[PDB]
Amino acid sequence: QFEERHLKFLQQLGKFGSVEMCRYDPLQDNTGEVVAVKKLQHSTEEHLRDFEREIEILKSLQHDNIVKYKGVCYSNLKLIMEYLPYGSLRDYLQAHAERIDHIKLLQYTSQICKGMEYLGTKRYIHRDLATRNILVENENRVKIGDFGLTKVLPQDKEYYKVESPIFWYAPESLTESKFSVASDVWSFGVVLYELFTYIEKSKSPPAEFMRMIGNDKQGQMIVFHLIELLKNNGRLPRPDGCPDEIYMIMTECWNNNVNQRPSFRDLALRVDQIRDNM
Ligand SMILES: Cc1cc(Nc2nc(N[C@@H](C)c3ncc(F)cn3)ncc2Cl)[nH]n1
C-alpha cells in the first residue's frame, strides 16, 4: 500500500531486476524514511508470477537475520523493503577487512546460520546463499537480503526440482537440479569459505574452481568439468589463516552424500562454541 508518486528516487543500488534507494515521502514535505525498492526489468509473464511468490515468501518471514518486508507498490509491481545501510556483506567485508577479525566473521556466520535454520522451519529452500546476498545492518548484525530464487518444498518430498551460480551449487543440484536444506548447507559451506578469504579476488570460488579445472575451459564444458571435479572429491582449498576446526566445517558441508551433511542447528552450535574458545 505504497503510492508510486510518493517514492522519491535517491540512487541505484544494483542489478532479474534492479534495486533502488528511495525516500517514501507521503506528505510531500521533506521527511520520511529511506527504503529499498526492487522491481523487474522488462517483466515476462513467468517472471511476474515468480516475483509475486518472492513477495509472499518475504512477507511470511519475521526473523532478526532476514531483511524486513514493508509493502508493495503498483503503478509494475514494486517490492518495498527496509533499507540496510552498510550494503552487501561481500562489499562490506572488502571495504572494512582491516577492522573485521575472525571472531567477527564467526558472529556473521552464526547469524546467517540462525536465519537459515528459521527458513528450514518454513520448508523454504534459498538456492542462492552467497555473501553477495547477505546485507549488513550494522557492525554487529547481518541479514539474509534477497529471496529471488527461493522455493517452497512440496508437501510430500524433502527436495525440489527446478545462468545459475554454479560454483555455489551442490553436485546433485548440478546433475539433477535437485534443491534441499542439504544443498543450502553445501552453499553455506561456500559462504563460510568466502568469509575467511575476506573476498581476496583471486580466492573467490569462481577463480579457484576455474584454475582447478583449467582456465582454458570455456562456455558449457565448465559445468561438466566441475561435476567431474566434485565427484572426484576436488574441493576449494583452506583459506590462508582459516583455522583447522573451521575448514573441517566447510569440508563437512561439502559432502557428496546429502544425508551426511550437517544441519543448520548443528552448524550454529559448533560455530558459537568455536567463537567462545577464541
Ligand atoms: C533490500 C535492500 C538492499 C539494501 N541496501 C543495499 N543494497 C545494495 N544492493 C542490492 C542490490 C542488494 N540487495 C540485496 C542484497 F542481499 C544485496 N544487495 N547495495 C547497497 C545497499 Cl546499502 N537495503 N535493503
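Residues numbered from 1 in each chain as written, not as in the entry; some residues may be left out. Heavy atoms only, no water. Residues with missing side-chain atoms left out of burial classes, pairs and counts.

### Quick look at helix α5 (residues 181-197)
Thinking step 1. Across its 17 residues, α5 extends 24 Å between first and last C-alpha, which sits within 8% of the 24 Å expected from 1.5 Å per residue.
Thinking step 2. Immediately beyond the C-terminal end of α5, within one or two residues, lies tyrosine 198, with a positive phi of roughly 55 degrees. (Helix = DSSP H or I, 4+ residues; strand = E, 2+ residues; numbered from the N terminus. Expected span 1.5 Å × (residues − 1).)

### So, the packing of helix α3 (residues 102-121) against α5
Thinking step 1. Contact geometry of α3 with α5 gives a least axis separation of 10 Å together with a crossing angle of 160 degrees. When the axes of α3 and α5 are compared, the pair comes out roughly antiparallel. Considering how the two elements wind past one another, α3 and α5 form a crossing that is right-handed. Between α3 and α5, the contacting residues are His102, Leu105, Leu106, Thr109, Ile112, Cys113 and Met116 on the first element and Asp184, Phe188, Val191, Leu192, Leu195 and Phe196 on the second.
Thinking step 2. Class assignment for the residues of the contact of α3 with α5 results in 10 nonpolar, two polar and one charged. (Axes fitted to C-alpha atoms, helices over the stretch in contact; angles between N-to-C directions. Parallel < 35°, antiparallel > 145°, perpendicular 65-115°, else oblique. Left-handed = near helix turned anticlockwise from the far one by under 90°. Contact = heavy atoms within 4.5 Å. Nonpolar A, V, L, I, M, F, W, Y, C, P; charged D, E, K, R; others polar.)

### Some thoughts on unusual backbone geometry
Thinking step 1. The phi angle at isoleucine 199 is positive, at roughly 55 degrees, despite the residue not being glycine.
Thinking step 2. On the secondary structure map, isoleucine 199 appears in the loop between α5 and α6 (205-213).
Thinking step 3. A relative accessible area of 10% means that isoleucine 199 is categorised as buried. (Buried < 20%, exposed > 50% of the residue type's maximum accessible area, 1.4 Å probe, protein only.)

### Focus on the nonpolar core
Thinking step 1. If you look at the biggest cluster of nonpolar residues, it comprises 71 residues, and the most contacted ones within it are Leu89, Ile112, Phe196, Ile246, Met250 and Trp254.
Thinking step 2. With nine residues, α5 is the single largest residue contributor to this core.
Thinking step 3. The residues that make up this core include at least three from each of domain 1 (1-83) and domain 2 (84-276).
Thinking step 4. Beyond its immediate chain neighbours, meaning those up to four positions away, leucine 89 contacts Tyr108, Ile112, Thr131, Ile134, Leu135, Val136, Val142 and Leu195.
Thinking step 5. In terms of nonpolar packing, the next biggest core, distinct from the first, is built from eight residues, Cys22, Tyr24, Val37 and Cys73 among them. (Core = buried A, V, L, I, M, F, W, Y, C linked by side-chain atoms within 4.5 Å. Domains from an automatic or database assignment.)

### Let's talk about the pattern of salt bridges
Thinking step 1. Tallying each qualifying case throughout the model produces 17 salt bridges.
Thinking step 2. Taken together, the salt bridges that share partners define one network made up of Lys38, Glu54 and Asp146. (Salt bridge = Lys/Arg side-chain N within 4 Å of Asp/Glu carboxyl O.)

### Details of the sheet that holds strand β3 (residues 34-40)
Thinking step 1. Spatially, the five strands line up as an open sheet ordered β1-β2-β3-β5-β4, and their pairing is antiparallel. In the strand order of this sheet, the two ends are held by β1 (7-14) and β4 (69-73), each with one partner. The mean angle between the axes of side-by-side strands here comes to 30 degrees, regardless of whether they run parallel or antiparallel.
Thinking step 2. Taken together, the seven bridges between strand β2 (residues 17-24) and β3 define a ladder with antiparallel strand orientation. (Pairing = 2+ DSSP bridges.)

### A word on the domain arrangement of the protein
Often, the extent of an interface is quoted as the loss of accessible area upon association of its parts.
Thinking step 1. You can read the domains of the protein as domain 1 (1-83) and domain 2 (84-276).
Thinking step 2. Taking the mean C-alpha position of each, domain 1 and domain 2 sit 26 Å from one another.
Thinking step 3. Taking both partners together, domain 1 and domain 2 bury about 1,600 Å²; carbon and sulfur atoms supply 55% of that area.
Thinking step 4. Applying the counting rule to domain 1 against domain 2 returns two salt bridges. (Buried area = accessible area lost by both parts, 1.4 Å probe.)

### Side note on the environment of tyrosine 159
Thinking step 1. Here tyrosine 159 lies in the loop between β9 (151-152) and β10 (160-161).
Thinking step 2. Only 2.8 Å separates the side chain of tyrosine 159 from the side chain of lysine 157, close enough to count as a polar contact. (Polar contact = N/O pair within 3.5 Å; in protein donor to acceptor, adjacent residues only side chain to side chain.)

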